[PDB]
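Down below is the structure, laid out as structure tokens.
Residue numbers (the working numbering), protein chains in the order written: chain A, 9 to 60; chain B, 31 to 302; chain C, 329 to 475; chain D, 76 to 191; chain E, -17 to 109; chain F, 75 to 129.
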């Protein structure tokens, strides 16, 4: 019973690490997205801020 | 540092100066009796040492089980009596448990078990209490040695650690070995030794266990009292130096408020 | 608002149980916490253009209204999608290992199901037999049992 | 402030005042009773806060003519690194006469190397 | 009143008994349980600077301290436990805290929902 | 400066009048004793009450 349930609960542990990998790389790519937009949003004010 | 705050602090240390100077006079009498009783029981532990001079017995190679016994009182305010025994005990179970033998300690008195319950909480056979509040005796050593047999633990090598009283200022923590299995107790020096059987050597070594706890109930009680005298003189000298430095601060602070309130009046009249 | 959800995966995800690879998951959830709320404040949209606001009240044009006209007429440089190889190649090798290990334990369940049913074969009664009890308890050749 | 002086520096700052206050708050009991009536955790905010007091004294450049000792200048990043190795407890075997009147932290282990 | 009524007395019980700094005897069933409830509630009371909380974000974090749900941590991790807890409830449990601010009280069914959230988070806090 | 009525003296029970680190070391020491006698006594109450009825 245990050697059956050792492989049973293992494959539910194998699929947990692929849910965690699929959202981590999807989010860590996404955190650089608006941060690329933020710096251009930053720079377009600073050239306006210098003139005013 | 106002006038009220200096007074209430100075009044406190004048109390603590009396209490510790009375407490030295209490413990000067307890040591003066506990100096007297030890020299009768000095010749009692002469006999059990004289057994091992003519028959030189040692712990030969290795044991399966072990004991460590450490005596103390339950009372504090004695300086370096209890930590001169617990730190000796942790200096041997680290030295042991690598040759493979199983160790189990017993601490008579509360203050050993207080130190060694956060790291060595598992090797405890039994614990005792209520040691040294009344003077220790021989019937007290026959309750330690009797409950040590109603335990099931077969022990084949042990030792006891106590403070050998040297002088009023100085004590020395020593150790003494205990041979408890009949195997190590019947060796080459015991070849000349007559009529005692294995069943009589069962009887003789057990009276030595009540004996060798009694020799260490008369050493660690004198040294616990004569370090309760010397460490109370140094709480009384260290209080005389704290009030004489606080009388002077009080005297200047008393004079500086007479002057302060008086200039408030001199300037209150002349401003009219 | 390009944002993805997930499942509740915090309890046994540190219990991945590699070959003593505890740091593989204990660093994995540690990256997972900080990346979550930080990329949420990235994912939706950028704020209102405050470049067009104060350049209109500013009179010195030429390099003011034209710079906001030129630099705000292009596309957003998005990121590259380099994470695809370990998505498929790491996944199926654990699912292919699920096929053999669920059957190699099944024969170990099947042989253990046969090992007990043969133990019920040996005795039909307390006074049953002198040879049916000679399967579990052993016999041997000459001079085996010393004592 | 953790945002200005840097959040690593700000935690060696507030964490070394905490160990210094706790040495002050027992000076009533140590002066009367003794060191020997303390616990084992509070013989380890006493011995660690006497290694920290001594490691705040530095030989100055203008004071070479008084005592004949070389004036030492330490940088910023070698003091934060040198106090985290007294708070974490790496130097708890070196005595306290080695942390005294030295510059950067490597002179403290060198002064401890001299006396043996 | 529910969570800081009991907090006021549990801290007052602490301060009478927690000023030795020199221990000789051991009473873990007797004293050391109560003083372990104070250091979990003392280190909860610390705060930062120019970041003030709300009242229902206060009821949640104070709930988890007095109801025994922190005695298996370490006290050097409760300041770390707080911000990970607080970010989880504002993000995933926004309709929970809106029933404390609107209804005023912490109701018995509202006592029910919070009983899992602290224990579900404690099941996967340190991993 | 104590062997004179002009020189100041102390009262009885002034250690806990200051509020130092001996007045705290004593206010807490009394609660660490009289909290554990409060459940030697508490446990025995059920039996004592019964005993009163018995005799």
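Each residue gets a CB set at the ideal place from its N, CA and C atoms; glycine is no exception.
For residue 106 of chain E, the nearest beta carbon of chain C is closer than 8 Å to its own beta carbon.
When DSSP states are grouped into helix, strand and coil, residue 194 of chain B belongs to the strand group. In the structure shown, the three-state DSSP call for residue 157 of chain B is strand. The three-state reading of DSSP puts residue 49 of chain A in helix, counting H, G and I together. Contact check for residue 342 of chain C against residue 353 of chain C passes: the beta carbons are separated by less than 8 Å.
At least one beta carbon of chain A lies nearer than 8 Å to the beta carbon of residue 378 of chain C. Contact check for residue 157 of chain B against residue 137 of chain B passes: the beta carbons are separated by less than 8 Å.
Under DSSP, no beta-bridge partner is assigned to residue 165 of chain B. Going by beta carbons, residue 366 of chain C and residue 39 of chain A fall inside the 8 Å limit. Residue 404 of chain C sits exposed, since fewer than 16 C-beta atoms from the chains shown fall within 10 Å of its C-beta. The C-alpha of residue 205 of chain B is placed about 16 Å away from the C-alpha of residue 251 of chain B. For residue 201 of chain B, the enclosing beta strand (DSSP E) covers residues 201 to 209. Taking 8 Å as the cut-off, the Cβ atoms of residue 187 of chain B and residue 210 of chain B count as close.
Within the segment 266 to 289 of chain B, 268, 269, 272 place their CB atoms closer than 8 Å to a CB of chain D, listed in sequence order. Residue 12 of chain A places its beta carbon less than 8 Å from that of residue 437 of chain C.
The Cβ neighbour count for residue 120 of chain D, taken over all protein chains shown within 10 Å, is at least 16; the residue is labelled buried. For the set D/132, D/160, D/110, the Cα lying nearest the Cα of residue 149 of chain D is the one of D/132. Residue E/12 holds the alpha-carbon nearest to the alpha-carbon of residue 112 of chain F among E/22, E/21, E/23, E/12. Residues of the segment 100 to 113 of chain F that bring their beta carbon within less than 8 Å of a beta carbon in chain E comprise 101, 102, 103, 105, 106, 109, 110, 113, in sequence order.
Residue contact with chain C for residue 66 of chain E: present (Cβ-Cβ distance below 8 Å to some residue of chain C). Straight across, the Cα-Cα distance linking residue 426 of chain C with residue 10 of chain A is about 16 Å. Going by DSSP, residue 423 of chain C is part of the alpha helix (DSSP H) stretching over 420 to 445.
Residue 357 of chain C reaches chain E at 106, 109, counting residues in chain order whose Cβ is nearer than 9 Å. For the pair residue 55 of chain E and residue 48 of chain E, the Cα-to-Cα distance works out to about 14 Å. When rounded, the separation of the alpha-carbon atoms in residue 42 of chain B and residue 99 of chain F is 14 Å. Listed along chain C are 378, 379, 382, each with a C-beta nearer than 9 Å to that of residue 53 of chain A. Taking all protein chains shown into account, residue 459 of chain C has fewer than 16 neighbouring C-beta atoms within 10 Å of its C-beta and is therefore exposed. The alpha helix (DSSP H) runs of length 4 or more contained entirely in the segment 119 to 184 of chain D are, from start to end of the chain, 125 to 129, 139 to 142, 152 to 162.
Ranked by Cα distance from residue 104 of chain D, the first of F/97, F/107, F/108, F/106 is F/97.
A contact between stretches requires three or more CB pairs, one per stretch, nearer than 8 Å, and the segment 78 to 96 of chain B meets this requirement with the segment 185 to 203 of chain B. Here residue 121 of chain B carries a helix assignment [DSSP, helix/strand/coil]. In this chain, the beta strand (DSSP E) harbouring residue 97 of chain B covers 97 to 101. According to the DSSP secondary-structure assignment, residue 135 of chain B is paired through a beta bridge with B/98, B/154.
Linking residue 31 of chain B to residue 280 of chain B through their CA atoms gives a straight-line distance of about 10 Å. Taking C-beta atoms as the reference points, residue 95 of chain F and residue -1 of chain E fail to come closer than 8 Å. Ranked by Cα distance from residue 119 of chain B, the options B/130, B/240, B/228, B/134 are led by B/134.
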